Number of protein chains: 4
Amino acid sequence: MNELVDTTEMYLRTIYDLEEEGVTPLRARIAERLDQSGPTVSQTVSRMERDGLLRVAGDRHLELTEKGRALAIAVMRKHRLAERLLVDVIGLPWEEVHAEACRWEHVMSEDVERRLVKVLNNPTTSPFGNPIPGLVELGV
Amino acid sequence: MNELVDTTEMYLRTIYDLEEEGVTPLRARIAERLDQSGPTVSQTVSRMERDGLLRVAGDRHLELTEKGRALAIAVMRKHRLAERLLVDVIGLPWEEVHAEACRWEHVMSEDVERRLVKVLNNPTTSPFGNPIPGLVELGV
Amino acid sequence: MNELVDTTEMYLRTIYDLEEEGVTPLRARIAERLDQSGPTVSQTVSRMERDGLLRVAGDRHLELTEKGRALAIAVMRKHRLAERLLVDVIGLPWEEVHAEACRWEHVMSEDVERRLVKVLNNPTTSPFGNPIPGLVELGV
Amino acid sequence: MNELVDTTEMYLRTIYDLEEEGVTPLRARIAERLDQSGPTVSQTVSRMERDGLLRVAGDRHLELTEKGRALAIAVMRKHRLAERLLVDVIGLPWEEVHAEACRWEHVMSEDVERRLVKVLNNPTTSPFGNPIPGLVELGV
DNA sequence: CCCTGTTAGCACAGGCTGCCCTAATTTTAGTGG
DNA sequence: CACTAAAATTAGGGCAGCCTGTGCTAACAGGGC
Ligand code: NA
Ligand code: NA
Ligand code: NA
Ligand code: NI
Ligand code: NI
Ligand code: NI
Ligand code: NI
Ligand code: NI
Ligand code: NI
Ligand code: NI
Ligand code: NI
Ligand code: NI
Ligand code: NI
Ligand code: NI
Ligand code: NI
């Protein structure tokens with residue numbers, strides 16, 4: 001198992017965080033946040049272009065395709081739903097929830113996601129306050 | 001990401017499965033169970049033997065080492081606690097919870113397992129009846 | 001510096017050697033001979049195919065392009081002239097010449113090569129009996 | 001292969017050159033002579049500093065460590081024993097021997113160096129008049 | 001415009017291990033003669 | 001021991017995903033001519 005559990009999904013989520021924070025998505029940002037060498041993130045981002053999940057712009061900005069944005073959103077959704085489960089229900093300490101959720105985001109089915117929306121009483125936010133994306137696309 | 005999520009863990013737990021059922025743990029069993037080829041299974045098993053996780057015994061059986069066994073128990077434990085959590089709290093359909101728990105077992109920290117035991121009122125079994133191993137060494 | 005000094009050239013000359021011994025040139029033979037990993041050679045071989053030096057047949061034979069074989073021949077010429085110089089003139093023990101010539105083949109210019117045909121009295125074989133190829137196309 | 005063949009050795013030997021010439025060894029000086037960019041030589045210098053090959057003094061003068069000096073001496077010695085060999089034995093036109101010995105210095109074993117000392121009747125200088133350093137260390 | 005160097009963000013070459021495959025054998029455990 | 005069925009190996013790959021080394025341009029900074 002990868003330390004990232006799913007590399008591709010971690011690249012998508014990271015680009016998405018960047019968009020949330022209002023910083024320009026560059027390969028250099030992904031290498032910083034995931035502690036990887038430039039040649040590593042360059043090659044991996046190429047594989048993701050090949051598979052149509054992102055594209056490198058002329059100015060080197062990373063952009064999510066439609067397939068890549070739909071997936072990124074899905075992962076962010078599971079992440080924050082996992083965060084809620086972990087805090088509201090399990091009571092895992094705060095400073096551990098993101099780290100745990102960062103693994104959970106790559107394995108939770110949408111089947112489970114929909115159950116969690118019901119069980120956690122229709123949560124629109126993570127336990128930190130960040131809005132949960134893609135609830136419509138989940139189907140809620 | 002790996003279909004198995006964690007190949008090493010799925011190999012250890014699969015060996016746990018065969019021991020629990022009373023069938024001789026052979027590489028040929030892992031090939032059937034995990035649907036992989038013989039060459040693949042021997043190759044991975046070699047890595048795991050190299051890494052101190054198991055031995056290929058003189059008569060070909062796969063004996064888990066002490067490190068291998070602790071991990072195998074830790075993974076089976078997370079699996080059945082995940083199964084309990086999914087049925088009792090999340091309400092995932094029976095048909096599906098094993099498939100789900102087969103992924104969660106690979107990402108759940110012991111920190112969450114300990115908090116699950118309480119959340120689930122000191123469970124001793126999976127919803128399918130099988131006993132939950134390693135509750136002692138989990139520290140409860 | 002590379003341990004091979006020149007990876008591409010060593011690959012070419014290795015292919016040359018294999019052909020010369022009458023063994024089918026496969027990536028596996030190169031992996032053995034240069035002690036490199038399988039993915040390393042397949043990747044290097046890919047660059048060489050990108051660059052017009054060879055192609056991988058459908059049955060996985062490595063086929064030198066006309067340009068590829070010209071470079072291959074050119075390197076062995078340098079190798080074997082270097083062996084003549086090192087034995088006939090410099091007097092390096094017989095056991096250590098191939099090792100030295102193996103690094104030399106990669107830095108020798110054609111100008112030097114041509115001066116060595118003169119100085120060594122139109123040589124036509126290695127000290128070990130093997131013919132020096134590429135003399136005609138050298139400028140002889 | 002690298003155009004310099006061995007970047008580290010060419011950096012060491014270049015520093016050594018400047019010291020013979022009595023010019024202050026600065027990174028700008030290296031950039032100049034090997035025709036590379038400021039950034040490149042700045043990065044390459046720090047790897048070497050890292051590996052204990054040189055010190056960058058408070059005033060920015062590059063300074064060889066005893067380990068860096070020993071390697072620079074050995075490359076200069078190879079460079080000049082090669083020059084000798086190229087003029088006296090091989091007969092390569094004058095205008096071309098420095099370019100040829102600029103590559104050979106990086107591949108010649110000490111085993112060959114000691115044979116060249118014997119065969120060229122104990123040379124002390126290059127055909128350009130510059131003294132060959134490290135003949136003592138070589139083991140003569 | 002030099003000069004000397006830095007910081008940021010790339011490029012390509014050439015290395016690695018993990019974990020997956022087919023085809024074609026070979027070894028081994030158990031069975032029957 | 002001799003055939004067989006199950007088990008494992010041998011041979012030669014595949015792709016994903018890590019790495020360091022060694023090169024680049026742009027922008028900038030501080031001082032100089
Ligand atoms: Na790194
Ligand atoms: Na290797
Ligand atoms: Na340049
Ligand atoms: Ni943009
Ligand atoms: Ni988070
Ligand atoms: Ni994650
Ligand atoms: Ni046994
Ligand atoms: Ni189960
Ligand atoms: Ni699993
Ligand atoms: Ni063929
Ligand atoms: Ni040879
Ligand atoms: Ni060579
Ligand atoms: Ni100084
Ligand atoms: Ni010179
Ligand atoms: Ni040089």
Side-chain angles (χ1 to χ4, degrees), chain A residues 1-4 6-8 11 24 26-29 31-32 34-44 46-48 50-51 56 59-60, chain B residues 1-4 6-8 10-11 24 26-29 31-32 34-48 50-51 56 59-60, chain C residues 1-4 6-8 10-11 24 26-29 31-32 34-44 46-48 50-51 56 59-60, chain D residues 1-4 6-8 10-11 24 26-32 34-48 50 56 60:
Chain A
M1 186 191 78
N2 203 333
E3 162 141 44
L4 295 183
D6 186 88
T7 293
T8 298
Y11 275 48
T24 320
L26 293 182
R27 286 162 295 200
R29 296 288 73 79
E32 261 171 19
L34 304 185
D35 196 21
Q36 298 197 317
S37 77
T40 292
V41 345
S42 266
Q43 175 179 39
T44 288
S46 295
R47 263 200 316 274
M48 296 170 63
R50 191 199 69 201
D51 297 331
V56 185
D59 57 6
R60 302 197 302 208
Chain B
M1 68 145 72
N2 209 341
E3 174 93 317
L4 293 175
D6 196 313
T7 290
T8 292
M10 280 302 303
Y11 267 55
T24 294
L26 287 196
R27 279 156 289 190
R29 306 291 128 250
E32 299 169 8
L34 295 179
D35 195 26
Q36 283 175 355
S37 55
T40 300
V41 170
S42 293
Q43 188 175 48
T44 290
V45 159
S46 287
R47 277 196 308 278
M48 294 173 66
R50 183 200 71 204
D51 287 331
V56 179
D59 60 350
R60 292 192 306 196
Chain C
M1 201 202 335
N2 207 306
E3 171 85 358
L4 292 170
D6 193 75
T7 295
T8 310
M10 283 313 292
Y11 273 50
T24 294
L26 299 182
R27 284 159 301 183
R29 301 289 78 78
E32 292 169 15
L34 309 179
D35 190 28
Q36 301 192 324
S37 72
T40 305
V41 336
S42 289
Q43 258 311 141
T44 296
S46 294
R47 288 196 302 274
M48 296 170 72
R50 189 194 62 200
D51 281 357
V56 190
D59 67 340
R60 302 201 285 219
Chain D
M1 62 164 179
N2 200 323
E3 177 151 356
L4 299 180
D6 187 313
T7 288
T8 297
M10 281 307 301
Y11 271 54
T24 290
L26 297 188
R27 276 158 287 197
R29 229 42 63 216
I30 301 173
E32 227 162 64
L34 310 174
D35 195 30
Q36 289 180 349
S37 61
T40 310
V41 7
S42 270
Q43 273 290 136
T44 298
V45 165
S46 28
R47 289 202 294 288
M48 301 172 58
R50 184 196 75 193
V56 183
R60 292 181 320 187

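Within every chain, numbering begins at 1; the chains are lettered A, B, ... in the order of the sequence lines, protein sequences first and strands thereafter.
Nucleotides of DNA chain E with any atom under 4.0 Å from a heavy atom of chain A span, from 5' to 3', E:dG9 to E:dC19.
A heavy-atom distance below 4.5 Å is found between the side chains of A:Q36 and A:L4. For the pair B:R60 and B:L26, the minimum side-chain heavy-atom distance is below 4.5 Å. Side-chain atoms of D:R29 and D:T24, non-hydrogen and from C-beta on, never get closer than 4.5 Å to each other. The side-chain heavy atoms of A:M1 and B:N2, taken from C-beta on, include no pair separated by under 4.5 Å.
Atom CE in B:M1 sits about 10 Å away from atom P in F:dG17, given to the nearest Å. Between the CZ atom of D:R50 and the P atom of F:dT20 there is a distance of 9 Å, rounded to whole Å. Note: CD (C:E32) to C1' (F:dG13) measures 14 Å, nearest angstrom. The nearest whole Å value for the distance from the CE atom in D:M48 to the P atom in F:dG23 is 12 Å. Between the CG atom of C:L26 and the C1' atom of F:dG13 there is a distance of 10 Å, rounded to whole Å. The distance from atom CG of A:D51 to atom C1' of F:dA16 is 11 Å, rounded to the nearest whole Å. In this structure, OH of A:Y11 is placed 11 Å from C1' of F:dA16, rounded to the nearest angstrom. Between C:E3 atom CD and F:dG21 atom P the separation is 16 Å, expressed in whole Å.
A negative value of the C1'-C2'-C3'-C4' torsion places the sugar of F:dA8 in the southern pucker family. For E:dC20, the torsion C1'-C2'-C3'-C4' is above zero, which places the sugar in the north, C3'-endo range. Nucleotide F:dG13 carries a north-puckered sugar, as indicated by a positive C1'-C2'-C3'-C4' torsion. Here E:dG30 has a south sugar; its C1'-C2'-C3'-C4' angle has a minus sign. South is the pucker class for the sugar of F:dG21, given a negative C1'-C2'-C3'-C4' value.
Distance alone, capped at 3.5 Å, places no donor-acceptor pair between the B:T44 side chain and the B:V41 backbone.
Both A:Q36 and D:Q36 lie near DNA chain F, and the one whose nearest nucleotide falls closer to the 5' end is A:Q36. The residue among D:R27 and B:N2 whose nearest nucleotide of DNA chain E is located toward the 5' end is D:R27. Remark on DNA chain F: of its neighbouring residues A:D6 and C:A28, the 5'-side contact belongs to C:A28, judged by nearest-heavy-atom nucleotide.
Heavy atoms of other residues, nucleotides or ligands lying less than 6.0 angstrom from CG of B:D59 number more than 12.
Here CG of C:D51 is found 7.5 Å from OG1 of C:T8. Values are rounded to the nearest 0.5 Å.
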Taking Watson-Crick and G-U wobble contacts under 3.5 angstrom, with | marking pairs to another strand and [ ] crossing pairs, the secondary structure of DNA chain F is written |.||||||||||||||||||||||||||||||.
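Within 4.0 Å (heavy atoms only), A:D59 reaches no atom of the nucleic acid at all.
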In sequence, state the C-alpha distance, the side-chain angles, and the governing distance for C:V56 and C:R27, and then conclude on side chain to side chain contact (heavy atoms under 4.5 Å, CB included). CA-CA 9 Å; C:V56 190; C:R27 284 159 301 183; 3.8 Å; yes
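At least one side-chain nitrogen or oxygen of D:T7 sits closer than 4.0 Å to the OP1 or OP2 atom of F:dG23. For C:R60, a side-chain nitrogen or oxygen approaches OP1 or OP2 of F:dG13 to under 4.0 Å.
Of the residues in residues 37-45 of chain D, those lying under 4.0 Å from DNA chain E by heavy-atom distance are D:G38, D:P39, D:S42.
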